[PDB]
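So the structure is just underneath, and the comments pick up after that.
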Amino acid sequence: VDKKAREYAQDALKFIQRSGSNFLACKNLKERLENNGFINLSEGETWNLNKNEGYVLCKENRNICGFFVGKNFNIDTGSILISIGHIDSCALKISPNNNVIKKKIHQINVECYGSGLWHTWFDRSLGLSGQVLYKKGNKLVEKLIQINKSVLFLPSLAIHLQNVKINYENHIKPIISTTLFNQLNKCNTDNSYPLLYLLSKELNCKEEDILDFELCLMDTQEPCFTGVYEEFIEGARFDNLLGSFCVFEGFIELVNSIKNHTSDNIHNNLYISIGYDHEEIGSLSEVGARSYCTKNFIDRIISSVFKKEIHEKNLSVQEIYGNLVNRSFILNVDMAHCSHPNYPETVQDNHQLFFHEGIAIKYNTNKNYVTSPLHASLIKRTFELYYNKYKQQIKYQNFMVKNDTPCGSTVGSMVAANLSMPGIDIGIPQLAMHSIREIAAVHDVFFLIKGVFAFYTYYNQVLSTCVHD
Amino acid sequence: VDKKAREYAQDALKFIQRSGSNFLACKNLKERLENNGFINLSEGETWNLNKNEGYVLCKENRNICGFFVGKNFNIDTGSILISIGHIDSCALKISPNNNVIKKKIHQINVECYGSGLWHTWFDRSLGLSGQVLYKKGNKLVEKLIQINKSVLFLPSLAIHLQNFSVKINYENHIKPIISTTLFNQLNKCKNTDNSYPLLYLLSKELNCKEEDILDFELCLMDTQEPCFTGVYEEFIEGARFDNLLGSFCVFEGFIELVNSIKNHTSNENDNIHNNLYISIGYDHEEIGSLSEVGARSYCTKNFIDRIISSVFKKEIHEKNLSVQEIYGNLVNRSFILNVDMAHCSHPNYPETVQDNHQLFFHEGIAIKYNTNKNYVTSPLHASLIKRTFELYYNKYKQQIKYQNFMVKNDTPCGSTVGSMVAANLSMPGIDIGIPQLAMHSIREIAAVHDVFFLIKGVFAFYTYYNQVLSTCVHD
Amino acid sequence: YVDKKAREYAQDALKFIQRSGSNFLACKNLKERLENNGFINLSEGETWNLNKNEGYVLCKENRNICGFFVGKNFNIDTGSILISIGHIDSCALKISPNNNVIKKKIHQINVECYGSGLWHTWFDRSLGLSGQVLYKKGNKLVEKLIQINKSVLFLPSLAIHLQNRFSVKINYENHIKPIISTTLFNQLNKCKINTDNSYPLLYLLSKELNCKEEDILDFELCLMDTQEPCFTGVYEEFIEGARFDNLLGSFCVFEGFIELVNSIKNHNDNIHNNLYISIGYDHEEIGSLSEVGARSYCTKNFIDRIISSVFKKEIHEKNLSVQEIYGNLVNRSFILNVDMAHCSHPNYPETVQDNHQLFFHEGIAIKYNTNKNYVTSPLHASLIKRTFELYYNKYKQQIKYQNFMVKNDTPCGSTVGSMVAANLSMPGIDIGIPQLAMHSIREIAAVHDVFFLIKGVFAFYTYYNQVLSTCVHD
Ligand SMILES: [Zn+2]
Ligand SMILES: [Zn+2]
Ligand SMILES: [Zn+2]
Ligand SMILES: [Zn+2]
Ligand SMILES: [Zn+2]
Ligand SMILES: [Zn+2]
């Protein structure tokens, strides 16, 4: 129990270090699924899907979808079980025209992606992570890169020169080199020359060959364990790469439980794990939670899996989908606010979250969180079922912000509206959310992984124990 | 020069990494001097000094002073050449009563030492550095420790639980987290003024029981090691550059001069032998220098007085001269070269620079001028040091680049020890440094070439000052 | 009985405070207390031919007190200079040189606000006088220290009725102007030279000095509350009075010092090896910048002059230098700065640092500050805490202590500790006792704390050198 907790956190830290951007999160989660026997399914190909098989798809190399069609997945008693995460995080991203030269220093123009605590980005060893596009002969090559060396620095202004409000335009401009070193190394103009020198060396191409790029600035300080008892994990992108890790680990674990049982109710469901892009910016895109992509994927799965059923029983995709929705559920997973010891005015006295105290069941009146009491009562029952078999408890705690105070929104409600499925919003407690370096607790990583697993395994079973009004 | 500058920068980084606090910078500087054949000297022994000998002293293990008495140091033509730096930086230090328990989290009570940019300390992998006192039998053991693992964290409040503009309460919000009550209990199943998770960490590091730790002076320290940055590896980034980068340069400049004297003696088996060379690293600069180990202390004057008393014991008693008469004579040819970091021209804040006195990376030694004497620099004295750089160039064929600095007239700036030491010692002097950005932050940035220029400038000062003085024509 | 002794120290402290209504009278009373314990009065203007195993007392300008005892075996090799400090000035309303004010048929006195006092507390109090008077007697310029314990002056508040009724903003120049008489009574009395002085004031001063009004040349007089300090509380556990800051601390420095001297003069140890110093500086309340303040060269000169006398043979026969002997002794020397501390105020909890709260009867406040407003460093406080432990081992009486610090956001007052540490190149700590209402005409402290402080001073003097020999360096 304690051995497996640290193991998950160690694996979680390795995954976060390798996934410095949304693009690298897709690649890493895709490779993780490929290694568990998942088939690389594309959008621009005919879907000829088989039952008792897993499939993997990265839409635009920035949206991760993993799904497993159950051995005996049926229209009448089956469920579409979706657990969601988001593979994007707040970042400083390089602007299209980034060449800035002020006070003899070469700088990079950067965009402010998401509502980040930008002051934390100041005075940090910065690397790069993203997608680049370069000409190679007659082709347009897309390559995913990550520079783990410190090449950029966003310097603070000395206290001595002041009598703090950051201007996001003028003050957030990181330095890359000096005009002197740029001149010594020398001996389209919209791109910074020291940046193109770095990118050319990385891609093994000419500076001239670099066309366009989508790159995040990334702290080179690897995530690690903190505290005298090494009970804490600290690092960038915990929101929501720590959450997405737990979604995919719990999903992989269920797929392996099905594979393991093959080597009984667990065979009649469609199991989906999805890591969206564009969450930090409001989800409105083809790869974000508001996209038709998810609904289309489900329709395409239904069409392939029930090809004979729709033609023989005269059913439509819409008819099948409506039936499945009655037994379907969405478990949205995103980071939660741990009760801050230095800011007690921010916590609602009765809905306080503590480190190692388990999964945060997130409630919001204005439905910023999809959670409803009945749906949460069902998920708590799957954890009770997990406890009866595994003799291991899944810890939980209810969250809510103060009535007079506003809070952030999750994809839960967007996806629930789009798919017309019930759902709840969960996650694990963390501090400093939207900082370049956040902090979470080791046992909560364990609780979330087993929490997502217990949901996939027991939702359909709990559903049969229900008596309506 | 280009390869040498990178070698200097590498050594500077290693010294800054090994020195997470004033205590450790002073120990590392002492060891460096001993390794160069410097004799250990205690304040509590009779000083029976010799010419052509180097000595090292550590007042209270937080003040560092190195001195070399020239083979021909004399009352009539000699000079006292002093180069200063400071070994303290802005830091979050552990409070006497540090035990804090709020929202099921064990916290440590901390103090804000100096005028640091405290927001930069939030969300960092923090360790410890400094002095610890514990009982081992019937003895009070003083041990200097440095824990380079992440043990402490100052968490920011999330943006979601906030109504851009950053406003920190230094008492309430600067309280790092050490553990949960759960794990503290678990480890307890596997005086009260001190945090138990903290005593556990210290006792393990010292190899004593928890009840043994009496008192400690511990600096929280960024565990992220200083490194090189920029596409061309032309910048250095790390904590304590102010003033462990300047202090490193003072000591390397002083060691280089001593080695040149030792090599000159080995070669000639000339004017370099007639002076007393001193290099001092004070503590408490960040807090106004008022202490027994700070620039306002009587210690410096007392050390000079003791060297004079010893070295000129024959002349005092035979020629019937006093320490004061000898001191007064020497001071006429003496000089203080104060070294502290300067402000590079910030590319994102053009409103902060005085248009004609702008500093740039790799553009040399910053000659710091202030009208209110926040910097001791005077035109004549700057002129003299600028001539030592010319004499260096003539001989070693390497230019020591310089650049004049000043803040805008309507704007205030921080002071240096320069003027304090000049008043105390009755000596002339200047304020020099190297340009850096993000001063008083937990991670500052500087340039590689400047490190090279500073070391070469300190060596040039020590070598040519007395020579330069002999070419002066009075009014 | 420790409790009986605590009450006795407290009773003695109050009598001393009552008689010391100014820096001048604190100095005379502390000097007289030292002379009664067999200390030799020393003048700065005479050749110091000191003897070892003797106590000396000097009063620079009759406003700075210094007591010192030279140990029989005070030596260069193993000797320590142990200094305990207090300050003998307090916040006060002091008579201005041109004090003659006449408004609304009332004779008033022009006063200076000395130190950062809680001036509203000075209103509606029975005021007397304490200080120095200069007068001509034939061919002589006579200095005379006086104290008038009768209520002669009054600083009246303005009636609440004549105001908007509630907050109070005092104009230090306009509203701080005490009344001495009416023009009617001044006219009747003279009917029964220099116009810069209030005539009713010259009349008061001349009756006291037994001279003529025209003979009064100059004076440096503090206005002083005539209400004597006393015990308070249902159980008489508190002491209340003026000038606790820092005549209470200064009393405890000198009593600790007298107890040490008496322990040597018997009226492991290694007690005869040291030079023991007790000093009461003037001017702490205004920054300490004077020849009689803690920024003065006098302390360094006093030590140098002691070194010159006690080590005359080592200097003139063995060819040692004052500076060499000084440098050597500094390594084993220490400063115990004593000044009042802030007790946790029960009505203003927002002013306390939660983990560093001071409480009445709970011991000696060991005061910490990062900006070095207090000279205290964690290693040096540890050495002092150990002297208290050794005291307990011998006398089986505990010296309670409690750590103090202000909130990180909030600023605090400075002490003479860091000034003397830089001046003398010596280590040291800042201690004191908890009180409430610092800078008020009437402050309050606790009886048990008076006991602990006196013992803490004694224990430092007695055990520092012993504690120092038990130290293992890095
Ligand atoms: Zn999120
Ligand atoms: Zn977010
Ligand atoms: Zn500084
Ligand atoms: Zn500095
Ligand atoms: Zn005071
Ligand atoms: Zn005081």
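The way I read the labels, and the way they are meant: chains A, B, ... in the order of the structure tokens, residue 1 as the first residue of every chain, and ligand 1 as the first ligand shown, with later ones counted on from there.
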
Practice task
Would you list the contacts of residue 470 in chain B as number ranges by chain, taking every protein, DNA or RNA residue within 12 Å and counting only C-alpha atoms, but skipping same-chain residues closer than 2 positions in sequence?
Solution key: B: 77-79, 271, 333, 384, 387, 464-468, 472-474

Please identify every residue of chain C that has at least one atom no more than 6 Å from any atom of chain B, counting only C-alpha atoms, and report them as a tab-separated table (two decimals) with C-alpha atoms, in the first residue's frame.
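Result file is result.tsv:
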```
chain	number	residue	atom	x	y	z
C	324	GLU	CA	47.60	43.48	20.87
C	328	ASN	CA	43.68	39.00	22.45
C	331	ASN	CA	38.24	36.57	21.69
C	355	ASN	CA	5.55	31.62	18.84
C	370	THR	CA	17.08	39.83	11.96
C	371	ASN	CA	17.96	43.50	11.10
C	378	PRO	CA	21.73	31.86	18.24
C	407	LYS	CA	6.22	39.91	13.58
C	408	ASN	CA	8.16	39.94	10.19
C	409	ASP	CA	5.90	42.66	8.77
C	418	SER	CA	24.88	46.17	18.21
C	421	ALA	CA	29.45	45.06	19.73
C	422	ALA	CA	30.83	46.95	16.69
C	423	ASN	CA	32.65	49.55	18.86
C	425	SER	CA	34.63	44.17	18.40
C	426	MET	CA	32.91	41.86	20.97
C	470	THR	CA	33.48	23.68	27.12
C	471	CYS	CA	33.18	24.79	23.43
C	472	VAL	CA	34.35	22.54	20.58
C	473	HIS	CA	34.72	24.43	17.23
C	474	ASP	CA	34.04	23.04	13.67
```

What do you get as a short mmCIF file (atom, residue, chain, number, x, y, z; two decimals) with N, CA and C atoms, in the first residue's frame if you pick all residues at most 12 Å from ligand 5, counting only C-alpha atoms and all ligand atoms?
```
data_model
loop_
_atom_site.label_atom_id
_atom_site.label_comp_id
_atom_site.auth_asym_id
_atom_site.auth_seq_id
_atom_site.Cartn_x
_atom_site.Cartn_y
_atom_site.Cartn_z
N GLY C 86 23.04 48.82 30.53
CA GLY C 86 21.71 49.38 30.68
C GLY C 86 21.79 50.82 30.20
N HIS C 87 20.69 51.56 30.30
CA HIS C 87 20.73 52.96 29.92
C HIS C 87 19.97 53.71 30.95
N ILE C 88 20.51 54.84 31.38
CA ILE C 88 19.97 55.62 32.49
C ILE C 88 19.05 56.81 32.14
N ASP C 89 18.82 57.05 30.85
CA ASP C 89 17.91 58.09 30.35
C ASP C 89 16.56 57.43 30.01
N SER C 90 15.48 58.19 30.10
CA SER C 90 14.16 57.73 29.73
C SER C 90 13.50 58.85 28.97
N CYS C 91 12.34 58.57 28.37
CA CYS C 91 11.53 59.56 27.69
C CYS C 91 11.10 60.57 28.71
N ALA C 92 11.24 61.84 28.39
CA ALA C 92 10.90 62.88 29.36
C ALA C 92 10.56 64.20 28.73
N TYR C 114 11.70 64.72 24.92
CA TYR C 114 12.91 63.88 24.83
C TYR C 114 12.52 62.41 24.71
N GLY C 115 12.96 61.76 23.63
CA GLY C 115 12.63 60.36 23.37
C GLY C 115 11.24 60.22 22.77
N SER C 116 10.90 59.03 22.26
CA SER C 116 9.60 58.80 21.63
C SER C 116 8.56 58.36 22.68
N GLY C 117 8.22 59.31 23.53
CA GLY C 117 7.28 59.09 24.61
C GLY C 117 5.83 59.04 24.20
N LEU C 118 5.01 58.46 25.09
CA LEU C 118 3.56 58.34 24.98
C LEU C 118 3.05 59.61 25.73
N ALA C 242 7.26 55.02 36.91
CA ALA C 242 7.88 55.71 35.79
C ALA C 242 9.27 55.17 35.57
N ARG C 243 9.83 55.39 34.37
CA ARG C 243 11.21 55.04 34.03
C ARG C 243 11.62 53.57 34.18
N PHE C 244 10.68 52.58 34.18
CA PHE C 244 11.07 51.15 34.23
C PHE C 244 12.01 50.87 33.09
N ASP C 245 11.71 51.47 31.93
CA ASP C 245 12.55 51.51 30.75
C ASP C 245 13.39 52.81 30.91
N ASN C 246 14.68 52.71 31.31
CA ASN C 246 15.39 51.44 31.59
C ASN C 246 16.09 51.47 32.95
N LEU C 247 15.47 52.14 33.93
CA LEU C 247 16.00 52.21 35.29
C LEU C 247 15.76 50.91 36.04
N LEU C 248 14.77 50.11 35.60
CA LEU C 248 14.50 48.80 36.19
C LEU C 248 15.59 47.82 35.71
N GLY C 249 15.81 47.77 34.40
CA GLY C 249 16.88 46.96 33.83
C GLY C 249 18.24 47.37 34.36
N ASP C 282 23.87 57.20 28.72
CA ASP C 282 22.84 58.20 28.58
C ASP C 282 22.47 58.14 27.07
N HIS C 283 21.46 58.92 26.67
CA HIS C 283 21.06 59.12 25.28
C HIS C 283 20.52 57.96 24.45
N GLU C 284 20.23 56.79 25.06
CA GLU C 284 19.66 55.68 24.30
C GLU C 284 18.36 56.11 23.61
N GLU C 285 17.49 56.85 24.33
CA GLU C 285 16.20 57.30 23.80
C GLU C 285 16.25 58.17 22.54
N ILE C 286 17.39 58.82 22.27
CA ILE C 286 17.58 59.71 21.12
C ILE C 286 18.60 59.25 20.08
N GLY C 287 19.03 58.00 20.11
CA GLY C 287 19.96 57.50 19.10
C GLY C 287 21.36 57.15 19.56
N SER C 288 21.70 57.52 20.82
CA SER C 288 22.98 57.23 21.49
C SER C 288 24.20 58.00 20.97
N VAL C 338 21.14 44.77 28.49
CA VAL C 338 19.90 44.70 29.25
C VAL C 338 19.01 45.92 29.01
N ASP C 339 17.81 45.67 28.49
CA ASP C 339 16.81 46.70 28.21
C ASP C 339 15.47 46.03 28.27
N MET C 340 14.44 46.77 28.69
CA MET C 340 13.08 46.24 28.84
C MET C 340 12.50 45.64 27.57
N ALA C 341 11.63 44.62 27.74
CA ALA C 341 10.95 43.90 26.65
C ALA C 341 9.42 44.03 26.74
N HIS C 342 8.73 43.74 25.63
CA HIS C 342 7.28 43.85 25.53
C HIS C 342 6.56 42.59 25.93
N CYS C 412 10.50 47.14 14.97
CA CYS C 412 10.71 47.27 16.42
C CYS C 412 11.85 48.23 16.75
N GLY C 413 11.87 48.69 18.00
CA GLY C 413 12.92 49.58 18.49
C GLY C 413 14.27 48.91 18.56
N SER C 414 15.34 49.71 18.44
CA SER C 414 16.71 49.23 18.53
C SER C 414 17.26 49.38 19.96
N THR C 415 18.37 48.67 20.25
CA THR C 415 19.08 48.71 21.54
C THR C 415 20.53 49.16 21.30
N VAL C 416 21.27 49.43 22.36
CA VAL C 416 22.67 49.83 22.25
C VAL C 416 23.61 48.64 22.02
N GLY C 432 16.23 41.21 28.57
CA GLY C 432 15.39 42.14 29.28
C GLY C 432 14.25 41.45 29.99
N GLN C 435 7.49 43.93 30.22
CA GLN C 435 6.69 45.00 30.79
C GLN C 435 5.58 45.39 29.81
N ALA C 437 3.13 48.91 28.45
CA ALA C 437 3.07 50.38 28.32
C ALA C 437 4.42 51.08 28.24
N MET C 438 5.37 50.54 27.46
CA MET C 438 6.70 51.14 27.32
C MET C 438 6.60 52.52 26.70
N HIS C 439 7.28 53.49 27.34
CA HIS C 439 7.35 54.92 26.97
C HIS C 439 6.25 55.81 27.57
N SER C 440 5.47 55.23 28.48
CA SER C 440 4.43 55.90 29.23
C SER C 440 5.06 56.42 30.52
N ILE C 441 4.46 57.47 31.11
CA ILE C 441 4.89 58.04 32.40
C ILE C 441 4.75 56.98 33.53
N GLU C 443 4.70 52.77 33.66
CA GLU C 443 4.80 51.45 33.05
C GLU C 443 4.54 50.37 34.12
#
```

Exercise for the section: Can you pull out every residue within 12 Å of residue 260 in chain B, counting only C-alpha atoms, but drop anything in the same chain fewer than 3 positions away, and send it as a PyMOL selection string? Expected result: chain B and resi 68+70+253-257+263-268+270+272-273+459-460+462-463

Problem - Contacts of range 253-262 of chain C at 8 Å (only C-alpha atoms; same-chain gap of 3+ positions) as a list in words - result: residues 30, 34, 37, 55, 69, 84, 85, 86, 249, 250, 265, 266, 267, 276, 277, 278, 338, 453, 454, 455, 456, 457, 458, 461 and 462 of chain C

How about saving the chosen residues, C-alpha atoms kept, as a tab-separated table (two decimals), in the first residue's frame?
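File written: selection20.tsv
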```
chain	number	residue	atom	x	y	z
C	30	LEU	CA	23.91	54.15	41.23
C	34	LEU	CA	28.51	51.37	44.31
C	37	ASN	CA	29.66	48.48	48.29
C	55	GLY	CA	36.18	48.07	42.23
C	69	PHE	CA	36.15	45.32	38.98
C	84	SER	CA	26.60	44.17	31.20
C	85	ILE	CA	24.80	47.30	29.91
C	86	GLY	CA	21.71	49.38	30.68
C	249	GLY	CA	16.88	46.96	33.83
C	250	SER	CA	19.82	49.25	34.87
C	265	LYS	CA	35.27	39.85	47.92
C	266	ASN	CA	33.49	36.94	49.82
C	267	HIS	CA	31.25	39.56	51.52
C	276	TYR	CA	33.89	42.90	35.02
C	277	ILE	CA	32.11	45.99	33.62
C	278	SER	CA	28.61	47.49	34.27
C	338	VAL	CA	19.90	44.70	29.25
C	453	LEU	CA	17.08	39.25	35.72
C	454	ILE	CA	19.43	40.02	38.70
C	455	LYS	CA	20.38	36.29	38.85
C	456	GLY	CA	20.84	36.08	35.05
C	457	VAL	CA	23.32	39.03	35.16
C	458	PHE	CA	25.20	37.39	38.09
C	461	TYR	CA	29.46	37.17	34.96
C	462	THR	CA	30.15	34.02	37.04
```

Exercise for the section: Have a look at C:312, C:404, C:154, C:327 and name the one nearest to residue 352 in chain C; count only C-alpha atoms. Expected result: C:404

Exercise for the section: Just the strand (DSSP E or B) stuff from range 65-149 of chain B, please, per backbone DSSP, written as a ChimeraX atom specification. Expected result: /B:65-69,80-86,91-102,105-113,126-136,139-149

Expected answer as a PDB file with N, CA, C and O atoms, in the first residue's frame: residues within 9 Å of ligand 1, only C-alpha atoms and all ligand atoms:
```pdb
ATOM      1  N   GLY A  85      -9.224  13.811 -18.314  1.00  0.00           N
ATOM      2  CA  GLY A  85      -8.132  14.650 -17.844  1.00  0.00           C
ATOM      3  C   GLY A  85      -7.843  15.715 -18.887  1.00  0.00           C
ATOM      4  O   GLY A  85      -8.517  15.779 -19.924  1.00  0.00           O
ATOM      5  N   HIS A  86      -6.862  16.565 -18.624  1.00  0.00           N
ATOM      6  CA  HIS A  86      -6.450  17.555 -19.599  1.00  0.00           C
ATOM      7  C   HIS A  86      -4.939  17.672 -19.620  1.00  0.00           C
ATOM      8  O   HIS A  86      -4.303  17.901 -18.586  1.00  0.00           O
ATOM      9  N   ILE A  87      -4.372  17.418 -20.797  1.00  0.00           N
ATOM     10  CA  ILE A  87      -2.935  17.378 -21.061  1.00  0.00           C
ATOM     11  C   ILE A  87      -2.248  18.752 -21.281  1.00  0.00           C
ATOM     12  O   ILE A  87      -1.044  18.794 -21.540  1.00  0.00           O
ATOM     13  N   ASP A  88      -3.002  19.871 -21.131  1.00  0.00           N
ATOM     14  CA  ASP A  88      -2.463  21.234 -21.224  1.00  0.00           C
ATOM     15  C   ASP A  88      -2.324  21.869 -19.819  1.00  0.00           C
ATOM     16  O   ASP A  88      -3.025  21.464 -18.878  1.00  0.00           O
ATOM     17  N   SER A  89      -1.396  22.841 -19.691  1.00  0.00           N
ATOM     18  CA  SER A  89      -1.069  23.586 -18.468  1.00  0.00           C
ATOM     19  C   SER A  89      -0.660  25.011 -18.827  1.00  0.00           C
ATOM     20  O   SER A  89      -0.301  25.282 -19.983  1.00  0.00           O
ATOM     21  N   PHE A 238       1.542  19.765 -12.541  1.00  0.00           N
ATOM     22  CA  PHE A 238       0.785  18.810 -11.706  1.00  0.00           C
ATOM     23  C   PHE A 238      -0.685  18.948 -12.062  1.00  0.00           C
ATOM     24  O   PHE A 238      -1.404  17.959 -12.149  1.00  0.00           O
ATOM     25  N   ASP A 239      -1.074  20.174 -12.411  1.00  0.00           N
ATOM     26  CA  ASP A 239      -2.362  20.522 -12.955  1.00  0.00           C
ATOM     27  C   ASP A 239      -2.131  20.655 -14.473  1.00  0.00           C
ATOM     28  O   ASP A 239      -1.538  21.646 -14.896  1.00  0.00           O
ATOM     29  N   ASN A 240      -2.560  19.669 -15.297  1.00  0.00           N
ATOM     30  CA  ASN A 240      -3.232  18.431 -14.884  1.00  0.00           C
ATOM     31  C   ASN A 240      -2.521  17.197 -15.456  1.00  0.00           C
ATOM     32  O   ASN A 240      -3.173  16.248 -15.893  1.00  0.00           O
ATOM     33  N   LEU A 241      -1.178  17.190 -15.434  1.00  0.00           N
ATOM     34  CA  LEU A 241      -0.453  16.000 -15.894  1.00  0.00           C
ATOM     35  C   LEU A 241      -0.418  14.939 -14.793  1.00  0.00           C
ATOM     36  O   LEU A 241      -0.387  13.748 -15.098  1.00  0.00           O
ATOM     37  N   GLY A 243      -3.002  14.547 -12.727  1.00  0.00           N
ATOM     38  CA  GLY A 243      -4.361  14.035 -12.842  1.00  0.00           C
ATOM     39  C   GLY A 243      -4.547  13.111 -14.033  1.00  0.00           C
ATOM     40  O   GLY A 243      -5.161  12.053 -13.886  1.00  0.00           O
ATOM     41  N   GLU A 279      -7.862  23.292 -22.179  1.00  0.00           N
ATOM     42  CA  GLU A 279      -8.662  23.462 -20.959  1.00  0.00           C
ATOM     43  C   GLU A 279      -8.388  24.796 -20.293  1.00  0.00           C
ATOM     44  O   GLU A 279      -9.337  25.504 -19.946  1.00  0.00           O
ATOM     45  N   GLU A 280      -7.099  25.128 -20.103  1.00  0.00           N
ATOM     46  CA  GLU A 280      -6.657  26.355 -19.440  1.00  0.00           C
ATOM     47  C   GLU A 280      -7.127  27.622 -20.144  1.00  0.00           C
ATOM     48  O   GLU A 280      -7.089  28.695 -19.548  1.00  0.00           O
ATOM     49  N   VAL A 333     -11.477  14.273 -13.942  1.00  0.00           N
ATOM     50  CA  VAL A 333     -10.356  14.316 -13.011  1.00  0.00           C
ATOM     51  C   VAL A 333      -9.508  15.536 -13.299  1.00  0.00           C
ATOM     52  O   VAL A 333      -8.935  15.662 -14.384  1.00  0.00           O
ATOM     53  N   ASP A 334      -9.424  16.431 -12.315  1.00  0.00           N
ATOM     54  CA  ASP A 334      -8.611  17.640 -12.365  1.00  0.00           C
ATOM     55  C   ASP A 334      -8.160  17.973 -10.952  1.00  0.00           C
ATOM     56  O   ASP A 334      -8.865  17.657  -9.989  1.00  0.00           O
ATOM     57  N   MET A 335      -6.990  18.611 -10.824  1.00  0.00           N
ATOM     58  CA  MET A 335      -6.404  18.983  -9.538  1.00  0.00           C
ATOM     59  C   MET A 335      -7.313  19.833  -8.650  1.00  0.00           C
ATOM     60  O   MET A 335      -8.106  20.637  -9.135  1.00  0.00           O
ATOM     61  N   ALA A 336      -7.199  19.615  -7.339  1.00  0.00           N
ATOM     62  CA  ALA A 336      -7.992  20.287  -6.321  1.00  0.00           C
ATOM     63  C   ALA A 336      -7.113  21.112  -5.382  1.00  0.00           C
ATOM     64  O   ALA A 336      -5.912  20.851  -5.269  1.00  0.00           O
ATOM     65  N   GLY A 408     -12.605  28.306 -10.226  1.00  0.00           N
ATOM     66  CA  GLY A 408     -12.362  27.820 -11.577  1.00  0.00           C
ATOM     67  C   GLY A 408     -13.412  26.831 -12.053  1.00  0.00           C
ATOM     68  O   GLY A 408     -14.176  26.276 -11.253  1.00  0.00           O
ATOM     69  N   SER A 409     -13.461  26.631 -13.377  1.00  0.00           N
ATOM     70  CA  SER A 409     -14.365  25.696 -14.033  1.00  0.00           C
ATOM     71  C   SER A 409     -13.590  24.523 -14.615  1.00  0.00           C
ATOM     72  O   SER A 409     -12.415  24.661 -14.978  1.00  0.00           O
ATOM     73  N   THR A 410     -14.257  23.362 -14.680  1.00  0.00           N
ATOM     74  CA  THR A 410     -13.709  22.128 -15.234  1.00  0.00           C
ATOM     75  C   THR A 410     -14.486  21.763 -16.492  1.00  0.00           C
ATOM     76  O   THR A 410     -15.580  22.291 -16.735  1.00  0.00           O
ATOM     77  N   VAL A 411     -13.934  20.826 -17.267  1.00  0.00           N
ATOM     78  CA  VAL A 411     -14.533  20.323 -18.502  1.00  0.00           C
ATOM     79  C   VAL A 411     -15.772  19.436 -18.266  1.00  0.00           C
ATOM     80  O   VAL A 411     -16.551  19.235 -19.198  1.00  0.00           O
ATOM     81  N   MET A 433      -1.540  26.004  -7.228  1.00  0.00           N
ATOM     82  CA  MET A 433      -2.059  25.716  -8.577  1.00  0.00           C
ATOM     83  C   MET A 433      -1.899  26.914  -9.524  1.00  0.00           C
ATOM     84  O   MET A 433      -2.325  28.030  -9.210  1.00  0.00           O
ATOM     85  N   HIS A 434      -1.255  26.646 -10.675  1.00  0.00           N
ATOM     86  CA  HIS A 434      -0.909  27.564 -11.766  1.00  0.00           C
ATOM     87  C   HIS A 434       0.471  28.198 -11.629  1.00  0.00           C
ATOM     88  O   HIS A 434       0.835  29.088 -12.411  1.00  0.00           O
TER      89      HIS A 434
END
```

Sorted by chain and rising residue number, which residues of chain A lie within 10 Å of ligand 3, and what are their closest atom pairs and distances in Å to one decimal, counting only C-alpha atoms and all ligand atoms, as a tab-separated table?
```
residue	atom	partner	partner_atom_place_in_ligand_line	distance
A:158	CA	ligand 3	1 (Zn)	9.6
A:159	CA	ligand 3	1 (Zn)	9.4
A:160	CA	ligand 3	1 (Zn)	8.6
```

Suppose we keep N, CA, C and O atoms; can you now write the selection as a tab-separated table (two decimals), in the first residue's frame?
```tsv
chain	number	residue	atom	x	y	z
A	158	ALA	N	15.89	44.16	-9.80
A	158	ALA	CA	16.41	44.28	-8.43
A	158	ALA	C	15.52	45.16	-7.54
A	158	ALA	O	14.97	46.18	-7.99
A	159	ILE	N	15.39	44.75	-6.27
A	159	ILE	CA	14.61	45.44	-5.23
A	159	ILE	C	15.08	46.91	-5.11
A	159	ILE	O	14.24	47.82	-5.08
A	160	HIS	N	16.42	47.11	-5.18
A	160	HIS	CA	17.17	48.36	-5.12
A	160	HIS	C	16.65	49.42	-6.07
A	160	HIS	O	16.73	50.61	-5.77
```
